[PDB]
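**Student:** as they sit in the full assembly, here are the leading chains:
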Amino acid sequence: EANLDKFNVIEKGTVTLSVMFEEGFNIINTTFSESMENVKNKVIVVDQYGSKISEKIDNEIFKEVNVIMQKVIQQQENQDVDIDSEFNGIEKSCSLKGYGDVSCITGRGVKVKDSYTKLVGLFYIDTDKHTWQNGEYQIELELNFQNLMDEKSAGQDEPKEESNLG
Amino acid sequence: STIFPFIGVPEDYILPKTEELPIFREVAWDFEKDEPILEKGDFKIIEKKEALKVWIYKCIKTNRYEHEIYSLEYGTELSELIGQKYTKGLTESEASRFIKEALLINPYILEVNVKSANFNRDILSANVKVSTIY
Amino acid sequence: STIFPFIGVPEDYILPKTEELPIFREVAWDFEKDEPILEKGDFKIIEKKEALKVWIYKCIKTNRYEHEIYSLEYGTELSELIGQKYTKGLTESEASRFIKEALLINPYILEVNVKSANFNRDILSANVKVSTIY
Amino acid sequence: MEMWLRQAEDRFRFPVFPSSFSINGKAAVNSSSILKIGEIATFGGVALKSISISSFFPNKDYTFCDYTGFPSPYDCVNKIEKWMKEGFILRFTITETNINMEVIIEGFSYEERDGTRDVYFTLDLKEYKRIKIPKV
Amino acid sequence: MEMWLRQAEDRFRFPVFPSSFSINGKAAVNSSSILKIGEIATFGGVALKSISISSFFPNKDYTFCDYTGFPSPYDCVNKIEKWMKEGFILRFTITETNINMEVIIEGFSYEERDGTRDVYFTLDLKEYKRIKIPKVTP
Amino acid sequence: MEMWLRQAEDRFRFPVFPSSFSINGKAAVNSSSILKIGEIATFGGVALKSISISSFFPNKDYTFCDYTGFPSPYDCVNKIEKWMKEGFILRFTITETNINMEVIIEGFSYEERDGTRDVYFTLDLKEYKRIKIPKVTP
Amino acid sequence: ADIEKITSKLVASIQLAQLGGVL
C-alpha cells in the first residue's frame, strides 16, 4: 500500500471496521455466490527428473466434492515442499452496495449480518469503489468470506486478575 | 464458524436459539407518594405489566433536554405546551406526537395510540393505549 | 536520498486547519462629520457590528467604476438612477438589485433584503435588513 | 382546520385554506412466473407519500381569510423559495387529521392572472425518511 | 351485499358500500412467428386478478349506512395504512358473489373535498398465491 | 406593471402586457431504496426557473396599449429573433414583483390569424447562472 | 459501467468454459 508519500507492507484483515452492514439499515442490494471451479483436493510431488515420489488426498474437501481434482508440484534438490498449503476449497463471496464511510477500503475486515438467522459473518474486502455525485455518496464492495463470528466469545477471553490486589 | 448461511442453511445444522427478551422486571414504585416500596425490610420487585407501568410513569414525568445524565432520546417535550403557546389543534397534534415518540424507545412496547382529546377550562385530557408483547 | 515524486516541496503540502472567520475589527468612524475618531491620542478600534456599519457606509458611498485602485466588484451603481433615467418601477427594481449585489461581497454578511420603497416628491426611501454571522 | 409549515422555531401558517387535499400512497410488488402454474407475487416495500397543495396568497384582508397579520404575497413567495433552495427538512401538519410528518419541497409555481394582485401557487411535498447506519 | 377485509381474527367491515366493483383478469399469450406463415400464439399461464374500490368513510350516522358502530374515518385510515405498510396477507370477500380470496394491498389514497369532514378513499388490491413445497420421497 | 427585455444598453418594452404570467421552479430529489425498508430520498440541488409569455404586437395605436412610440410588429420580431439566434444573455424584469434575473431564449413562435395585421407570439425563457472561477492562493 | 458488467459476464463465461474443457 502506498499511503501518501510512504510505502507500507501490511497483513490483510488486521484492522476490523466498526461499521456493520445490516439488511434493514444500510444495504441497498447484495448478491451471494458459491463456486466449485477452483477446487483442489489431491497433491502430487515429483522429483527434479519428473518422476513421482509421493501423493496426498485431503479428506475434508473430498467429503464435500465426490470427484478428485489433482495438482502437480515439483521440488528441487534444496527445497522440501509442504503439501497441505496447496489444497483449495469451495469459494464463497458477496457483492454489496450500500452506505458507509471512507474507512471501507481494500485490505480490511468487515461484518455482514444474516437476516434470517441473525448470524454475523466476517469478510475481507477485495475491491472497493466510492462515488460522489448529485449530493449522494454510495459504496460498492467485493467481499470474501472468512468465517462465522462466534456468539459472545469463542475462546471466552477473561481478564486474568488476582482475587485480591493486595 | 464453518457454515455459510447466506444462501441457505444446511439441513443437519440446528439453529442455536431463538432470540427473545427476558422477563421485564423492575423495583416497585408507589405513585401517590413517589417512593420505592420496601417489603420485609428489602426492595420489592414486580414484573411484566406493572414494571412497564412504573417505567412509563417515569418516562412521562421527565423532561427531555434538562438533565445531563440522560441521552437526547429519553424524556418528553410536553412542557413546551403549557400556557397555550400554540393554537389548540396544533397543541393536540404536538401532544400526540410527543407521547408516541417518547414511549416508542422501549423495546418491550410495540404500538402507542392517543385516541381521545378534549379541552375543558385549562385542562387537556387524553386516552393513551399501549400494546406490549405480553 | 529518497526521491519526492510530487510537484514542489514537502512544505507546500502542509494544510493549516480551517477555522471560523476572525473577529471583524475596524477603525471607528464619525458619520456626522465624515472623520475617523481618535481616543486617548490614538485611533479607536471597534468590533463586530459597529465595524460592519462602518464598512457598509463606506461601500454604499462609493461609485463602482470611478476609481482605479478598486476592482470591478467594489461599489454601487446608484448614481445611474439620479434624474429619472428609467420609469419608477424599473428604478425601484434596479435599486434593490444594486444594493443587494454591492453588499453581498463581504463574507461576513449572509443576506440582504430591500423591503419598503416609496416615492415622495423627489426622494426615494427604502428599508434594508442585513443578516450577519453575529 | 389549519395548515402549517415549520422549520425548527420558524413557523408559517397559510392564510387561505385550500379547497381540497389528498395523500397518495403506494407499495411495491415483485412478480415472477413459474412454469405451468402462472404468475406469483411477493411484497417488496412501501414508497414515500406525496401531497400537492393549490391556493393563493391574498393581497388584502378578505372575509374568508384564516387570520389577520399575514405577510405580503411576495414575502411568502420569497420565504418558501428560500426553503426550497437550501433543501431544508420541514415539518408539515394539518390539524384535526392524521397528517403530521417531515417533508421536503419538490416544486413551487406561482402566477398572477387577474386584476386583484393575488398570487396563486402550487406546492409539491414529499415524505422524508432518514437512514440509520448501525454501529458496534 | 357486504364488504369485509380480515386479517386473522381482526375483521373490518366497510360502512358504505361502493357504487360499483369490477374484477380484472388476464391470461399470458406468447407470440412467435413462422417464415411464410405469419404470427402464431401459445398459452403462457394465468395472471393474478385485481380489483379497485372507491367510497368514503362517514363522519356521522347516515340513513344509507350499512350498520351502526363503525369507527371514526381516521381510525379506518390508520388501520388500512398499517396493513399496507407491513405487507400483511388479508382475506377479501363480497357476500352473495364469487369474490372470496387472499389479497395484498398495492395502493391507498384518501382525501377531503367538502364541508362534511367525510374522507373519500381509493383502494387497490392484488390477488395472492402460495406454492407447495416439495416433500422428500419415502 | 411593465415588462422589459434588456441587452446591455439596448432596451425593449412590450407594448401590450399579457393576460397572465407564471414562474416554474423545481428541485432535484434523488431516489434510492434500502432492503426491507422501502424507498428513500435525498436532496440534489435546485433547478433553473422558466417562464412563458403570450401576447401580440399591435399594428396600430390601441386604447389599452402601455405606451406610444413602439416599433412595427416585424421590427420587434426581427429584434427578438436576432437575439435568439446569437445566444445573447439578457435581463428580464417585471416591475412590482420579484422577477428580475438573467435569461436565455429557448423558443420563439409568431403568427397572424385575422384581418388586423397584429402578430401573436409565444416566448420561452430560461434562467442563466454563472460559476465563480478559482483563484490561486497567495 | 456497462463495460464493467459486460466484462464480468465475459469473465464468468470464460471461467466456466475453462472448467468444462476446451479442445
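**Tutor:** Noted; the coordinates are in hand. Numbering: from 1, shown residues only, chains lettered A, B, ... in the order given.

**Student:** who does the strand or helix carrying residue G:8 touch, helix- and strand-wise?
**Tutor:** Assessed by DSSP states H and E, residue G:8 sits inside helix G:2-20. Here helix G:2-20 touches no other helix or strand, going by 3 or more Cβ pairs under 8 Å, 6 or more residues apart in numbering or on different chains; DSSP states H and E. Just so you know, the C-beta spots here come from the backbone N, C-alpha and C atoms, and that holds for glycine as well.

**Student:** mind listing the helices for chain B?
**Tutor:** In chain B, the helices defined using DSSP state H lie at B:49-61, B:88-103.

**Student:** out of those helices, deepest packed?
**Tutor:** Burial of these is given as mean neighbour count (mean count of other Cβ atoms under 10 Å in any protein chain shown); helix B:88-103 ranks first at a mean of 18.

**Student:** so it, near chain D or not?
**Tutor:** Yes. Using Cβ under 8 Å from any Cβ of the partner chain, helix B:88-103 comes into contact with chain D via B:89-90, B:92-93, B:96-97.

**Student:** secondary structure class for the residue nearest to residue D:136 when sequence neighbours are not counted?
**Tutor:** Nearest residue to residue D:136 in three dimensions, chain neighbours excluded: residue A:20, at 5.3 Å (Cβ to Cβ, 6 or more residues apart in numbering or on different chains). Assigned with DSSP: H, G, I helix; E, B strand; the rest coil, residue A:20 falls in the strand class.

**Student:** so residue G:9 versus residue G:2, what's the distance?
**Tutor:** Distance, residue G:9 to residue G:2, by Cβ to Cβ, to the nearest Å: 11 Å.

**Student:** tack on chain H:
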Amino acid sequence: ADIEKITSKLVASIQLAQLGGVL
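**Tutor:** The block that follows adds chain H to the chains above:
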C-alpha cells in the same frame, strides 16, 4: 444473451482482421 451476440461480433471482427494481416 446479449453477451453471446457481442462475443460473436467480436470474434468475427478479429477473424477478418487476422485474414487482412495485422502489424
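
**Student:** revisit what packs on helix G:2-20 given that chain H is now included?
**Tutor:** helix H:2-20.

**Student:** so how far is the helix it packs on off the chain centroid?
**Tutor:** Relative to its chain's centre, helix H:2-20 lies at 1 Å (Cα atoms, centre = their mean, to the nearest Å).

**Student:** same question, stretch G:10-23
**Tutor:** 7 Å.

**Student:** in that stretch, what counts as buried?
**Tutor:** Counting neighbours by 16 or more other Cβ atoms under 10 Å in any protein chain shown, one finds that stretch G:10-23 has no buried residues.

**Student:** do the same with stretch A:101-110
**Tutor:** Across stretch A:101-110, burial judged by 16+ other Cβ under 10 Å covers A:104, A:108-110.

**Student:** contact partners for residue 19?
**Tutor:** Looking at chain A here, since you left the chain open. Applying Cβ atoms under 8 Å, 6 or more residues apart in numbering or on different chains, we find residue A:19 in contact with A:26, A:100-101, A:103-104, A:110, D:133-136.

**Student:** my question was about chain D, not that one.
**Tutor:** Listed by Cβ under 8 Å, 6+ apart, the contact partners of residue D:19 are D:54-55, E:113.

**Student:** before we move on, what about residue G:6?
**Tutor:** If you count contacts by Cβ under 8 Å, 6+ apart, then residue G:6 has H:3, H:6 around it.

**Student:** for chain A, see how far away it is.
**Tutor:** For residue G:6, the distance to chain A equals 16 Å [Cβ to the nearest Cβ, to the nearest Å].

**Student:** just residue G:10 next, same as before
**Tutor:** 16 Å.

**Student:** related to what we said a few turns ago, now intersect the contacts of residue D:19 with the strands, please.
**Tutor:** D:54-55 (DSSP state E).

**Student:** put chain I onto that model:
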Amino acid sequence: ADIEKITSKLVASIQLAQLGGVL
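**Tutor:** Alright, chain I goes in next:
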C-alpha cells in the same frame, strides 16, 4: 458500431490497468 465503442472502452481500460501494474 456498438461493438466498436465497446472494444474502444475495453482497450482503454486494459491499457490503464497495464500502466498501473497487475499482479
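
**Student:** and the contacts of residue G:6, now that chain I is part of it?
**Tutor:** Per Cβ under 8 Å, 6+ apart, neighbours of residue G:6: H:3, H:6, I:6.

**Student:** which residue, other than its chain neighbours, is closest to the closest residue to chain A within chain G?
**Tutor:** Distance from chain A to each residue of chain G (Cβ to the nearest Cβ) is smallest for residue G:19, at 4.6 Å. In this structure, residue G:19 finds its nearest non-sequential neighbour in residue A:37, 4.6 Å apart by Cβ to Cβ, 6+ apart.

**Student:** ok so the one you found is a strand residue?
**Tutor:** No. Applying three-state DSSP, one finds residue A:37 to be coil, outside a strand.

**Student:** and it, how far from residue C:106?
**Tutor:** Counting by Cβ to Cβ, the separation of residue A:37 from residue C:106 is 67 Å.

**Student:** what helix or strand does the closest residue to residue A:31 other than its chain neighbours sit in?
**Tutor:** Nearest residue to residue A:31, sequence neighbours excluded (Cβ to Cβ, 6+ apart): residue A:95, at 4.4 Å. Taking DSSP H and E as the criterion, residue A:95 maps to strand A:91-98.

**Student:** identify each buried residue in that strand, please.
**Tutor:** Using 16+ other Cβ under 10 Å as the test for burial, strand A:91-98 gives A:92-94, A:96, A:98.

**Student:** dump those residues into JSON lines; add distance to residue B:85 as well.
**Tutor:** Converted to JSON lines, the buried residues of strand A:91-98 look like this (distance: Cβ to Cβ, whole Å):
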{"residue": "A:92", "distance to residue B:85": "59"}
{"residue": "A:93", "distance to residue B:85": "58"}
{"residue": "A:94", "distance to residue B:85": "53"}
{"residue": "A:96", "distance to residue B:85": "48"}
{"residue": "A:98", "distance to residue B:85": "42"}
